[PDB]
Amino acid sequence: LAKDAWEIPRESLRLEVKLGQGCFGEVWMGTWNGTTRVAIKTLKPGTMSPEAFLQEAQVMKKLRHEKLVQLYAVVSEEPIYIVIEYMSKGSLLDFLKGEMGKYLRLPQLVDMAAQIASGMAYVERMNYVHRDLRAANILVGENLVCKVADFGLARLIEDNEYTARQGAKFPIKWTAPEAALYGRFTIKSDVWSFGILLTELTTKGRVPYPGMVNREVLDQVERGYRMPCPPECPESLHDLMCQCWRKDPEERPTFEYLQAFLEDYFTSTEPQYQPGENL
Ligand SMILES: Nc1ncnc2c1ncn2[C@@H]1O[C@H](COP(=O)(O)OP(=O)(O)OP(O)(O)=S)[C@@H](O)[C@H]1O
Ligand SMILES: [Mg+2]
């Protein structure tokens with residue numbers, strides 16, 4: 001209900017092109033103050049609470065970093081608008097599976113991973129957990145700039161864990177087992193998700209655990225199953241994914257480590273790498 005200095009007059013926005021639609025509203029490209037290109041997320045009336053919808057803006061007010069999609073402004077009166085940084089190339093997932101993805105090779109994909117890791121290391125430093133980290137929630141700008149987006153589920157961590165409320169449901173294939181099963185969300189469950197995201201990058205958008213169903217993934221993963229090394233992917237990178245997928249969350253690497261490892265990958269880890277047909 002309470003407003004602050006993020007508020008702007010709706011008249012200062014013009015919605016020009018529809019970029020997407022979901023069960024809770026739409027995303028439009030537009031112009032702000034008749035001069036700035038922006039993205040605008042709208043709230044579909046009577047689908048979600050205004051206060052619930054704006055929690056996402058609240059999180060963004062706090063998390064500011066070159067590798068996170070930036071909040072610009074809010075319209076807190078119905079219809080609710082969240083005005084954010086425009087990412088011209090859209091979703092990483094769609095980018096990877098389209099024509100452009102075909103031309104990408106490992107050095108580029110690893111740099112994209114490193115940028116994402118950079119954003120997440122910031123999230124890590126700030127004591128937040130994202131909870132929805134995956135290629136569909138990464139946005140791509142010019143020159144292969146990648147930023148983490150969609151902070152709807154993000155929460156500030158108190159007591160080392162965010163415990164999910166009863167009834168909450170999360171996508172099994174992209175979520176750490178302890179979070180999906182017991183509701184235990186920590187930065188370490190994000191690290192697990194980052195590992196899944198690495199498979200999305202190296203397969204250029206393939207679904208994780210291909211062919212397997214949710215209950216089977218849950219079952220096999222508990223038994224120790226892990227996705228094998230993707231085709232043409234160096235084993236050292238898959239080794240990194242397996243580290244992200246350790247059963248004990250505290251044994252999973254920090255994003256600080258992940259960022260450094262990926263930044264230095266071709267010097268420290270794979271000095272003699274050469275590009276193949278796909279990676
Ligand atoms: N800042 C942006 N710049 C460019 N395109 C965007 C932007 N935000 C969203 N889009 C487009 O709209 C799609 C939906 O983005 P999202 O924010 O993930 O929405 P959302 O999935 O409803 O979020 P929730 O809270 O998990 S229901 C993106 O994947 C792009 O195709
Ligand atoms: Mg999403």
# chains A, B, ... in the order shown; residues from 1 in each chain; ligands from 1
$ residues_near_ligand --ligand "ligand 1" --cutoff "6 Å" --atoms "only C-alpha atoms and all ligand atoms" --output "ChimeraX atom specification"
/A:19-20,22,27,39,84-88,90-91,137,150,152
$ residues_around --residues "residue 18 of chain A" --least-positions-apart "2" --cutoff "9 Å" --atoms "only C-alpha atoms" --output "ChimeraX atom specification"
/A:15-16,20-21,26-30
$ write_last_selection --atoms "N, CA, C and O atoms" --output "tab-separated table (two decimals), in the first residue's frame"
chain	number	residue	atom	x	y	z
A	15	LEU	N	3.34	1.99	-23.83
A	15	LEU	CA	3.49	0.60	-24.21
A	15	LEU	C	3.36	0.48	-25.72
A	15	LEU	O	2.35	0.88	-26.30
A	16	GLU	N	4.38	-0.08	-26.37
A	16	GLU	CA	4.41	-0.09	-27.83
A	16	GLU	C	4.29	-1.47	-28.46
A	16	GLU	O	3.57	-1.65	-29.44
A	20	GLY	N	5.56	-10.61	-24.52
A	20	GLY	CA	5.17	-11.86	-23.91
A	20	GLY	C	3.90	-11.76	-23.08
A	20	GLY	O	3.44	-10.67	-22.75
A	21	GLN	N	3.35	-12.92	-22.75
A	21	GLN	CA	2.14	-13.01	-21.96
A	21	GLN	C	2.18	-14.27	-21.11
A	21	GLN	O	2.68	-15.31	-21.55
A	26	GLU	N	1.39	-9.40	-18.62
A	26	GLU	CA	2.11	-9.28	-19.88
A	26	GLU	C	3.45	-8.56	-19.70
A	26	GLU	O	3.71	-7.95	-18.66
A	27	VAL	N	4.30	-8.67	-20.71
A	27	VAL	CA	5.53	-7.90	-20.78
A	27	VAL	C	5.54	-7.14	-22.10
A	27	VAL	O	5.35	-7.74	-23.17
A	28	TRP	N	5.74	-5.84	-22.01
A	28	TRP	CA	5.74	-4.97	-23.18
A	28	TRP	C	7.06	-4.23	-23.33
A	28	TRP	O	7.71	-3.90	-22.34
A	29	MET	N	7.45	-3.99	-24.57
A	29	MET	CA	8.51	-3.03	-24.82
A	29	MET	C	7.84	-1.67	-24.94
A	29	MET	O	6.73	-1.56	-25.46
A	30	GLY	N	8.50	-0.62	-24.45
A	30	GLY	CA	7.90	0.70	-24.49
A	30	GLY	C	8.90	1.82	-24.39
A	30	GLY	O	10.11	1.61	-24.47
$ residues_around --residues "residue 165 of chain A" --least-positions-apart "3" --cutoff "12 Å" --atoms "only C-alpha atoms" --output "VMD selection string"
chain A and resid 162 168 to 170 179 to 180 182 to 185
$ write_last_selection --atoms "N, CA, C and O atoms" --output "mmCIF file, in the first residue's frame"
data_model
loop_
_atom_site.group_PDB
_atom_site.id
_atom_site.type_symbol
_atom_site.label_atom_id
_atom_site.label_comp_id
_atom_site.auth_asym_id
_atom_site.auth_seq_id
_atom_site.Cartn_x
_atom_site.Cartn_y
_atom_site.Cartn_z
ATOM 1 N N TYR A 162 15.722 -20.162 3.715
ATOM 2 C CA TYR A 162 14.337 -19.774 3.471
ATOM 3 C C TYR A 162 13.503 -21.047 3.352
ATOM 4 O O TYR A 162 13.670 -21.816 2.401
ATOM 5 N N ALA A 168 3.495 -24.708 -1.663
ATOM 6 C CA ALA A 168 4.407 -24.241 -2.702
ATOM 7 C C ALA A 168 4.946 -25.414 -3.523
ATOM 8 O O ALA A 168 5.326 -26.450 -2.973
ATOM 9 N N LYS A 169 4.959 -25.254 -4.843
ATOM 10 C CA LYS A 169 5.457 -26.290 -5.743
ATOM 11 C C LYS A 169 6.548 -25.738 -6.664
ATOM 12 O O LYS A 169 6.427 -24.630 -7.179
ATOM 13 N N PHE A 170 7.613 -26.511 -6.859
ATOM 14 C CA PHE A 170 8.748 -26.058 -7.668
ATOM 15 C C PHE A 170 9.119 -27.109 -8.717
ATOM 16 O O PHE A 170 8.899 -28.290 -8.496
ATOM 17 N N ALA A 179 15.439 -28.718 -1.691
ATOM 18 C CA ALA A 179 14.493 -27.609 -1.814
ATOM 19 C C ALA A 179 13.142 -28.089 -2.349
ATOM 20 O O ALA A 179 12.096 -27.670 -1.872
ATOM 21 N N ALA A 180 13.173 -28.964 -3.346
ATOM 22 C CA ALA A 180 11.948 -29.494 -3.932
ATOM 23 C C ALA A 180 11.179 -30.371 -2.941
ATOM 24 O O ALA A 180 9.948 -30.372 -2.925
ATOM 25 N N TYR A 182 11.865 -30.866 0.697
ATOM 26 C CA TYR A 182 11.710 -30.415 2.077
ATOM 27 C C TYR A 182 11.530 -28.906 2.200
ATOM 28 O O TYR A 182 11.328 -28.392 3.299
ATOM 29 N N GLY A 183 11.601 -28.199 1.076
ATOM 30 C CA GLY A 183 11.440 -26.750 1.072
ATOM 31 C C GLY A 183 12.635 -25.966 1.594
ATOM 32 O O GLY A 183 12.506 -24.798 1.967
ATOM 33 N N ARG A 184 13.806 -26.592 1.628
ATOM 34 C CA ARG A 184 14.986 -25.917 2.162
ATOM 35 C C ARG A 184 15.714 -25.113 1.084
ATOM 36 O O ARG A 184 16.530 -25.657 0.341
ATOM 37 N N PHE A 185 15.436 -23.816 1.012
ATOM 38 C CA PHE A 185 16.079 -22.972 0.009
ATOM 39 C C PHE A 185 17.258 -22.197 0.604
ATOM 40 O O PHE A 185 17.115 -21.511 1.616
#
$ select_by_dssp --residues "segment 41-270 of chain A" --states "alpha helix (DSSP H)" --output "count of residues only"
94
$ closest_residue --among "A:155, A:252, A:125, A:14" --to "residue 38 of chain A" --atoms "only C-alpha atoms"
A:14
$ residues_around --residues "residue 5 of chain A" --least-positions-apart "4" --cutoff "12 Å" --atoms "only C-alpha atoms" --output "ChimeraX atom specification"
/A:9,61,72-76
$ closest_residue --among "A:6, A:81, A:24, A:53" --to "residue 41 of chain A" --atoms "only C-alpha atoms"
A:81
$ residues_around --residues "residue 258 of chain A" --least-positions-apart "5" --cutoff "9 Å" --atoms "only C-alpha atoms" --output "NGL selection string"
:A and (114 or 117-118 or 121 or 191 or 240 or 253 or 263)
$ residues_around --residues "residue 225 of chain A" --least-positions-apart "2" --cutoff "12 Å" --atoms "only C-alpha atoms" --output "VMD selection string"
chain A and resid 209 212 216 to 223 227 to 228 242 245 to 247
$ write_last_selection --atoms "C-alpha atoms" --output "PDB file, in the first residue's frame"
ATOM      1  CA  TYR A 209      17.110 -35.251 -17.667  1.00  0.00           C
ATOM      2  CA  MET A 212      12.883 -38.936 -17.724  1.00  0.00           C
ATOM      3  CA  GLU A 216      11.970 -40.810 -11.914  1.00  0.00           C
ATOM      4  CA  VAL A 217      14.361 -37.846 -11.644  1.00  0.00           C
ATOM      5  CA  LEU A 218      13.574 -37.509  -7.946  1.00  0.00           C
ATOM      6  CA  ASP A 219      14.119 -41.256  -7.465  1.00  0.00           C
ATOM      7  CA  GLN A 220      17.279 -41.724  -9.564  1.00  0.00           C
ATOM      8  CA  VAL A 221      18.963 -38.541  -8.259  1.00  0.00           C
ATOM      9  CA  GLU A 222      18.530 -39.735  -4.657  1.00  0.00           C
ATOM     10  CA  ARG A 223      20.140 -43.006  -5.758  1.00  0.00           C
ATOM     11  CA  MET A 227      23.403 -36.186 -15.926  1.00  0.00           C
ATOM     12  CA  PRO A 228      26.391 -37.459 -17.965  1.00  0.00           C
ATOM     13  CA  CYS A 242      28.816 -32.527 -10.671  1.00  0.00           C
ATOM     14  CA  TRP A 245      25.148 -31.329  -7.763  1.00  0.00           C
ATOM     15  CA  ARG A 246      26.700 -32.712  -4.578  1.00  0.00           C
ATOM     16  CA  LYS A 247      24.076 -34.240  -2.260  1.00  0.00           C
TER      17      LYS A 247
END
$ residues_around --residues "residue 97 of chain A" --least-positions-apart "2" --cutoff "10 Å" --atoms "only C-alpha atoms" --output "count of residues only"
14
$ select_by_dssp --residues "segment 61-179 of chain A" --states "strand (DSSP E or B)" --output "PyMOL selection string"
chain A and resi 68+71-75+81-85+90-91+128-129+138-140+146-148+155-156+162-163
$ write_last_selection --atoms "N, CA and C atoms" --output "mmCIF file, in the first residue's frame"
data_model
loop_
_atom_site.group_PDB
_atom_site.id
_atom_site.type_symbol
_atom_site.label_atom_id
_atom_site.label_comp_id
_atom_site.auth_asym_id
_atom_site.auth_seq_id
_atom_site.Cartn_x
_atom_site.Cartn_y
_atom_site.Cartn_z
ATOM 1 N N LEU A 68 22.454 -8.200 -13.176
ATOM 2 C CA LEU A 68 21.050 -8.455 -12.848
ATOM 3 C C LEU A 68 20.208 -7.449 -13.604
ATOM 4 N N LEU A 71 15.876 -2.645 -12.174
ATOM 5 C CA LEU A 71 14.593 -1.983 -11.988
ATOM 6 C C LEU A 71 14.736 -0.491 -12.282
ATOM 7 N N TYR A 72 13.733 0.087 -12.936
ATOM 8 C CA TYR A 72 13.709 1.524 -13.205
ATOM 9 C C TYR A 72 12.664 2.272 -12.374
ATOM 10 N N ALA A 73 11.460 1.714 -12.291
ATOM 11 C CA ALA A 73 10.346 2.441 -11.693
ATOM 12 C C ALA A 73 9.121 1.558 -11.529
ATOM 13 N N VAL A 74 8.166 2.044 -10.739
ATOM 14 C CA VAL A 74 6.936 1.322 -10.468
ATOM 15 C C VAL A 74 5.717 2.227 -10.603
ATOM 16 N N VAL A 75 4.621 1.658 -11.088
ATOM 17 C CA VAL A 75 3.317 2.290 -10.986
ATOM 18 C C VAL A 75 2.462 1.426 -10.058
ATOM 19 N N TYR A 81 2.296 -1.548 -12.903
ATOM 20 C CA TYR A 81 3.420 -1.703 -13.830
ATOM 21 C C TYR A 81 4.740 -1.807 -13.091
ATOM 22 N N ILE A 82 5.593 -2.713 -13.553
ATOM 23 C CA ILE A 82 6.981 -2.727 -13.126
ATOM 24 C C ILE A 82 7.840 -2.382 -14.334
ATOM 25 N N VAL A 83 8.599 -1.295 -14.237
ATOM 26 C CA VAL A 83 9.368 -0.810 -15.380
ATOM 27 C C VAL A 83 10.831 -1.180 -15.224
ATOM 28 N N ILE A 84 11.361 -1.942 -16.179
ATOM 29 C CA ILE A 84 12.709 -2.489 -16.039
ATOM 30 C C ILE A 84 13.566 -2.369 -17.291
ATOM 31 N N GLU A 85 14.862 -2.609 -17.107
ATOM 32 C CA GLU A 85 15.857 -2.569 -18.165
ATOM 33 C C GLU A 85 15.470 -3.479 -19.335
ATOM 34 N N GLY A 90 16.108 -11.014 -25.647
ATOM 35 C CA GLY A 90 15.125 -11.869 -25.011
ATOM 36 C C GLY A 90 15.731 -12.972 -24.164
ATOM 37 N N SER A 91 14.989 -14.064 -24.032
ATOM 38 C CA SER A 91 15.359 -15.154 -23.149
ATOM 39 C C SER A 91 16.583 -15.933 -23.630
ATOM 40 N N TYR A 128 20.763 -13.193 -0.405
ATOM 41 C CA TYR A 128 19.494 -13.591 -1.008
ATOM 42 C C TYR A 128 19.579 -14.984 -1.631
ATOM 43 N N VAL A 129 18.423 -15.573 -1.916
ATOM 44 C CA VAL A 129 18.350 -16.769 -2.760
ATOM 45 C C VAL A 129 17.350 -16.478 -3.879
ATOM 46 N N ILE A 138 17.129 -16.154 -17.654
ATOM 47 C CA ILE A 138 18.257 -15.305 -17.987
ATOM 48 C C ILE A 138 17.901 -14.541 -19.257
ATOM 49 N N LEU A 139 18.247 -13.258 -19.297
ATOM 50 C CA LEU A 139 17.932 -12.413 -20.439
ATOM 51 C C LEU A 139 19.214 -11.965 -21.135
ATOM 52 N N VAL A 140 19.145 -11.843 -22.458
ATOM 53 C CA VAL A 140 20.317 -11.575 -23.279
ATOM 54 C C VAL A 140 20.191 -10.206 -23.948
ATOM 55 N N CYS A 146 24.611 -11.237 -20.671
ATOM 56 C CA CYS A 146 23.591 -12.020 -19.981
ATOM 57 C C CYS A 146 23.363 -11.474 -18.588
ATOM 58 N N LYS A 147 22.096 -11.407 -18.185
ATOM 59 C CA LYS A 147 21.738 -10.933 -16.861
ATOM 60 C C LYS A 147 20.666 -11.832 -16.260
ATOM 61 N N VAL A 148 20.761 -12.080 -14.962
ATOM 62 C CA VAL A 148 19.713 -12.847 -14.298
ATOM 63 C C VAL A 148 18.461 -11.985 -14.153
ATOM 64 N N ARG A 155 14.211 -14.138 -2.210
ATOM 65 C CA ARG A 155 13.945 -13.830 -0.806
ATOM 66 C C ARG A 155 15.246 -13.515 -0.076
ATOM 67 N N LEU A 156 15.180 -12.622 0.908
ATOM 68 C CA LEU A 156 16.315 -12.386 1.793
ATOM 69 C C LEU A 156 16.383 -13.537 2.786
ATOM 70 N N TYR A 162 15.722 -20.162 3.715
ATOM 71 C CA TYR A 162 14.337 -19.774 3.471
ATOM 72 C C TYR A 162 13.503 -21.047 3.352
ATOM 73 N N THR A 163 12.626 -21.278 4.327
ATOM 74 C CA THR A 163 11.766 -22.456 4.324
ATOM 75 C C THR A 163 10.462 -22.168 3.583
#
$ closest_residue --among "A:133, A:164, A:141, A:214" --to "residue 190 of chain A" --atoms "only C-alpha atoms"
A:133
$ closest_residue --among "A:113, A:17, A:23, A:80" --to "ligand 2" --atoms "only C-alpha atoms and all ligand atoms"
A:23
